[PDB]
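Following: one structure in structure tokens, then a few remarks.
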Amino acid sequence: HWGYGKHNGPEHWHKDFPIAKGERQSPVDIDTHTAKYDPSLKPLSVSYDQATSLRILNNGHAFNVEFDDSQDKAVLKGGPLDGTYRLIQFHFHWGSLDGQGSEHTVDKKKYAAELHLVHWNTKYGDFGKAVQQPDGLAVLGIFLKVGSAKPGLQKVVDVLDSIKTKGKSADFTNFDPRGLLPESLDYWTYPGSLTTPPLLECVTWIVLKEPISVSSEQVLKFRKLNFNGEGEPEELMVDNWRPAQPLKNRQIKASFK
Ligand SMILES: [Zn+2]
């Protein structure tokens, strides 16, 4: 099916998923000098106090840390968002080298990786219904640059050996997502889509200005993961990012000056 290789990568996705050349596709390049400061935006509210992590899984494209979203235990509100959005999962996109890996880019600059915290609008009852709405999802994007280690990320790094191949999953209870956030919550926001098939245009993207730092050793372990399933020829899980798409008829708003 779809992938990130030469014969099934982003350049090929539009064939089975024509929305790939749609009206509001993601990611996009954030031209910092074109974004409009919007004083009408309210403060961003990240309430991960009662977040309950359950499991970590390698789905063949990346790995997801899933959360219990049966109640409002970990939610995102405020900013450009109307209503409450529940955290359902988070995952990363990274490169084979430190100079690439992020999906969104800032003034064309590519970061080593990008963290995506996925939330869905509770007014729609469930995730499956939410992805069918223009304001169904809110994804918080955080850039990762290589430098000093991120303490809150180590617990994830250490369990990657147990989910090396496609299909594998491990228990991952009691993980605190708050440990992955940078100091500042300043951000850029625009209407977009999922960055992987089915590329549904149901996302309000919230991209933080301040990146977090991870160590060379930490990212190296991400690159040891496999796209393939157990007992198959090894394909390192690297460069699982979609390149920037045309902004088209959209405007990027900034929460800061
Ligand atoms: Zn993502």
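Following the order of the structure tokens, first chain is A, next is B, and so on, with residues numbered from 1 inside each chain and ligands from 1 in the order they appear.
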For the interface of chain A with ligand 1 (cut-off 9 Å, counting only C-alpha atoms and all ligand atoms), please tabulate each contacting residue of chain A alongside its nearest pair of atoms and their separation in Å to one decimal, rows sorted by chain and increasing number, as a tab-separated table.
```
residue	atom	partner	partner_atom_place_in_ligand_line	distance
A:62	CA	ligand 1	1 (Zn)	8.6
A:90	CA	ligand 1	1 (Zn)	7.8
A:91	CA	ligand 1	1 (Zn)	6.2
A:92	CA	ligand 1	1 (Zn)	6.0
A:93	CA	ligand 1	1 (Zn)	6.2
A:103	CA	ligand 1	1 (Zn)	8.0
A:114	CA	ligand 1	1 (Zn)	7.7
A:115	CA	ligand 1	1 (Zn)	7.0
A:116	CA	ligand 1	1 (Zn)	5.0
A:117	CA	ligand 1	1 (Zn)	8.0
A:118	CA	ligand 1	1 (Zn)	8.1
A:139	CA	ligand 1	1 (Zn)	8.4
A:141	CA	ligand 1	1 (Zn)	8.2
A:194	CA	ligand 1	1 (Zn)	7.2
A:195	CA	ligand 1	1 (Zn)	6.0
A:196	CA	ligand 1	1 (Zn)	7.3
A:241	CA	ligand 1	1 (Zn)	8.0
```
With C-alpha atoms retained, export the selected residues as a short mmCIF file (atom, residue, chain, number, x, y, z; two decimals), in the first residue's frame.
```
data_model
loop_
_atom_site.label_atom_id
_atom_site.label_comp_id
_atom_site.auth_asym_id
_atom_site.auth_seq_id
_atom_site.Cartn_x
_atom_site.Cartn_y
_atom_site.Cartn_z
CA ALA A 62 5.64 5.43 12.72
CA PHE A 90 0.80 11.22 19.67
CA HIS A 91 3.53 10.14 17.26
CA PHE A 92 6.60 11.51 15.50
CA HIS A 93 7.98 12.03 11.99
CA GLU A 103 6.79 17.88 7.99
CA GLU A 114 8.25 16.69 14.49
CA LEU A 115 5.94 15.57 17.28
CA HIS A 116 2.20 15.40 16.63
CA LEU A 117 -0.26 15.34 19.53
CA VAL A 118 -3.64 14.39 18.02
CA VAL A 139 -3.14 18.54 16.09
CA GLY A 141 2.84 20.13 16.27
CA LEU A 194 -3.86 14.65 8.07
CA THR A 195 -0.33 14.33 6.68
CA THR A 196 -0.78 10.64 5.83
CA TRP A 241 7.60 12.70 6.55
#
```
Excluding range 50-55 of chain A and its own-chain neighbours fewer than 6 positions away, which residues fall within 6 Å of it when counting only C-alpha atoms? Please give them as a short mmCIF file (atom, residue, chain, number, x, y, z; two decimals) with N, CA and C atoms, in the first residue's frame.
```cif
data_model
loop_
_atom_site.label_atom_id
_atom_site.label_comp_id
_atom_site.auth_asym_id
_atom_site.auth_seq_id
_atom_site.Cartn_x
_atom_site.Cartn_y
_atom_site.Cartn_z
N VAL A 65 1.56 6.45 20.61
CA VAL A 65 1.36 6.25 22.03
C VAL A 65 -0.11 6.63 22.15
N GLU A 66 -0.95 5.64 22.44
CA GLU A 66 -2.39 5.85 22.53
C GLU A 66 -2.85 6.19 23.95
N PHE A 67 -3.89 7.02 24.04
CA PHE A 67 -4.43 7.43 25.33
C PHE A 67 -5.89 7.03 25.49
N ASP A 68 -6.33 6.92 26.74
CA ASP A 68 -7.72 6.59 27.02
C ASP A 68 -8.51 7.88 26.83
N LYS A 73 -10.09 13.64 30.02
CA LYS A 73 -8.99 13.52 30.97
C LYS A 73 -7.75 14.28 30.52
N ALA A 74 -7.60 14.43 29.21
CA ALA A 74 -6.47 15.14 28.63
C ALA A 74 -7.07 15.90 27.46
N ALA A 170 3.46 -2.53 22.92
CA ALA A 170 3.84 -2.78 24.30
C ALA A 170 3.00 -1.93 25.23
N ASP A 171 2.84 -2.38 26.47
CA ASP A 171 2.08 -1.61 27.44
C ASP A 171 2.87 -0.33 27.67
N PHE A 172 2.18 0.79 27.82
CA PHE A 172 2.87 2.05 28.04
C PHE A 172 2.02 2.95 28.92
N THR A 173 1.65 2.42 30.08
CA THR A 173 0.84 3.15 31.03
C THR A 173 1.65 4.17 31.81
N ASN A 174 0.94 5.13 32.39
CA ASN A 174 1.53 6.17 33.21
C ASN A 174 2.55 7.08 32.53
N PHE A 175 2.35 7.38 31.26
CA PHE A 175 3.28 8.29 30.58
C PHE A 175 2.68 9.69 30.63
#
```
Exercise. Run DSSP on the backbone and give me the residues of range 12-248 of chain A it puts in alpha helix (DSSP H), as a ChimeraX atom specification.
Key: /A:127-130,151-159,216-222
Exercise. From a DSSP calculation on the backbone, collect every residue of range 26-131 of chain A in strand (DSSP E) and output the set as a PyMOL selection string.
Key: chain A and resi 29-30+36-37+44-47+53-58+63-67+75-78+85-94+105-106+113-121
Exercise. Find, counting only C-alpha atoms, the residue in A:132, A:64, A:215, A:58 that gets nearest to residue 166 in chain A.
Key: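 The shortest atom-to-atom distance to residue 166 in chain A comes from A:58.
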